[PDB]
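> no FASTA, just this:
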Ligand SMILES: O[C@@H]1[C@@H](O)[C@H](O[C@@H]2Cn3ccnc3[C@H](O)[C@H]2O)OC[C@H]1O
């Protein structure tokens with residue numbers, strides 16, 4: 001109505017953001033975080049590198065801060081992420097066979113247990129597949145453990161947390177293609193055999209002017225397998241600097257994404273990967289690309305803001 005939180009709340013869906021706990025000391029950042037979202041996810045604080053820097057030695061300070069923030073502001077807490085090929089410490093990469101599998105399972109158990117009852121959902125496994133279909137080719141988990149690591153990770157997560165929503169997350173799976181198809185088969189297989197799995201996340205790290213037209217259809221087929229779906233890391237990057245046309249297209253793109261979710265009853269909601277363009281991860285990875293978020297570098301609402309409110 002007046003804020004995006006109000007729009008999402010009124011719609012009965014979630015609208016979250018990727019939080020960097022250190023930014024909470026920046027008043028403006030905190031103000032927008034407090035009033036514009038009803039869900040929070042750690043942008044980096046709950047990743048392996050941030051939680052288990054050395055074998056069986058945990059660092060929960062940053063993760064705890066994110067969790068405390070959600071509880072203090074009354075927002076849903078989304079966990080990210082227990083098993084991922086990236087931001088994996090070297091000590092883990094140096095392990096093999098049973099040693100590596102145990103380190104993985106111990107990591108999953110310790111983190112899930114630590115945040116049990118606080119984190120409502122977990123990206124148990126992140127980016128297990130590859131563009132073009134099949135499994136990811138540069139993953140330590142796939143290379144050292146094979147196809148069964150995903151099931152192992154999920155069963156371990158349920159073992160630790162009996163009620164948390166266990167999700168599998170990925171990108172380039174927004175549309176119906178080889179990658180999402182392989183992801184589709186896995187989800188169907190898991191539900192078929194009783195492997196703990198409750199949700200599927202579609203990152204949605206999109207490019208301005210390029211939103212899958214079959215996004216809704218894709219979300220629906222997964223929802224129909226008996227699992228919830230969610231846009232987890234939404235941001236739509238453009239060639240910087242921005243201009244009127246790019247901002248208008250971006251706004252329209254944000255609208256399409258949110259509408260596709262609104263059109264699927266089991267789509268829990270949408271989470272944007274950050275608040276302001278001044279801290280977005282995009283520029284540092286894509287030279288000359290950026291302005292992908294809802295707020296600009298001066299915290300002024302971009303036209304994408306109105307588009308999101310409308311879609312909800
Ligand atoms: O600070 C950045 C984070 O923003 C970044 O988050 C990543 C973004 N991303 C793109 C594709 N897949 C993903 C991951 O799910 C998500 O964790 O990670 C790197 C940090 O330097």
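Now that the structure is in, tell me what you want to look at. Residues are numbered from 1 along each chain as shown.

> When you work out contacts or count neighbours from here on, use the C-alpha atoms and nothing else.
Noted.

> Please name the residues that touch the spatially most central residue of the chain.
In the chain, the C-alpha nearest the mean C-alpha coordinate belongs to residue 232, at 3.6 Å (CA atoms, centre = their mean). Counting by CA atoms under 8 Å, 6 or more residues apart in numbering, residue 232 touches 169, 201, 202, 203, 204, 270, 271, 272, 273.

> before we move on, what SS does it have?
strand (DSSP: H, G, I helix; E, B strand; the rest coil).

> Give me the distance between it and residue 105.
Residue 232 sits 24 Å away from residue 105, going by CA to CA, to the nearest Å.

> bridging residues for residue 271?
Beta-bridge partners of residue 271, counted by DSSP bridges, are residue 16.

> thought it was touching residue 234?
Yes: here residue 271 lies in contact with residue 234, judged by CA atoms under 8 Å, at a distance of 6.1 Å.

> Overlap of the contact sets of the two?
Counting by CA under 8 Å, 6+ apart, no residue touches both residue 271 and residue 234.

> And the host helix or strand of residue 112, what's buried?
For residue 112, the host element (DSSP states H and E) is helix 97-114. The neighbour-count criterion (16 or more other CA atoms under 10 Å) identifies 100-101, 103-114 as the buried residues of helix 97-114.

> what does stretch 25-38 give?
Buried-residue list, stretch 25-38, by 16+ other CA under 10 Å: 29, 33, 34, 36, 37, 38.

> Among those, which lie within helices?
Judged by DSSP state H, the buried residues of stretch 25-38 include 29, 33, 34, 36 as members of helices.

> Mind picking the two most distant members of the residues you listed?
The most widely separated members of these, counting by CA to CA, are 29 and 36 (10.7 Å).

> For residue 240, give its distance to residue 309.
25 Å.

> Please read the previous query as pertaining to residue 190.
Distance from residue 190 to residue 309, by CA to CA: 35 Å.

> Repeat that for residue 248.
Residue 248 is 15 Å from residue 309, where distance means CA to CA.

> for residue 231, same thing?
Noted for residue 231: a distance of 16 Å to residue 309, by CA to CA.

> Would you mind telling me which of these two has more residues around it?
residue 231 (27 against 18; other CA atoms under 10 Å).

> who's in contact with the more buried one?
Counted by CA under 8 Å, 6+ apart, residue 231 has contacts 201, 202, 203, 204, 261, 267, 269, 270, 271.

> which of the residues you listed count as buried?
Neighbour-count burial (16+ other CA under 10 Å) applied to those gives 201, 202, 203, 204, 261, 267, 269, 270, 271.

> so residue 212 makes contact with residue 175?
Yes: counting by CA under 8 Å, residue 212 does reach residue 175; the two are 5.3 Å apart.

> quick one: residue 306 and residue 252, what's the gap?
From residue 306 to residue 252 the distance is 10 Å (CA to CA).

> gap between the two ends of stretch 277-288?
First-to-last residue span, stretch 277-288, CA to CA: 13 Å.

> what's the answer for stretch 7-26, then?
With CA to CA as the measure, the ends of stretch 7-26 fall 25 Å from one another.

> That stretch: which residues count as buried?
7-9, 13-21, 24.

> what do you get for stretch 59-78?
59-60, 62-67, 69-70, 75-78.

> What of stretch 157-175?
For stretch 157-175, burial by neighbour count (16+ other CA under 10 Å) applies to 157-158, 160-161, 164-175.

> Please enumerate the strands of the stretch 1-150 of the chain.
14-19, 39-42, 76-84, 121-126 (DSSP state E, counting those that start in this stretch).

> which residues are contacting the shortest one?
Counting by CA under 8 Å, 6+ apart, the neighbours of strand 39-42 from elsewhere in the structure are 14-21, 63, 66, 70, 75-80, 271.

> List the strands paired with that strand, with their directions.
As assigned by DSSP bridges, strand 39-42 forms pairs with strand 14-19 (parallel), strand 76-84 (parallel).

> Could you dump the ones you listed into JSON lines with distance to residue 42 added?
As requested, the strands paired with strand 39-42 are exported to JSON lines (distance: least, CA to CA, whole Å):
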{"stretch": "strand 14-19", "distance to residue 42": "5"}
{"stretch": "strand 76-84", "distance to residue 42": "6"}
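
> closest one to residue 295 among those strands?
strand 14-19 (11.8 Å).

> can you count the residues close to residue 135?
Per other CA under 10 Å, the neighbour tally for residue 135 reads 19.
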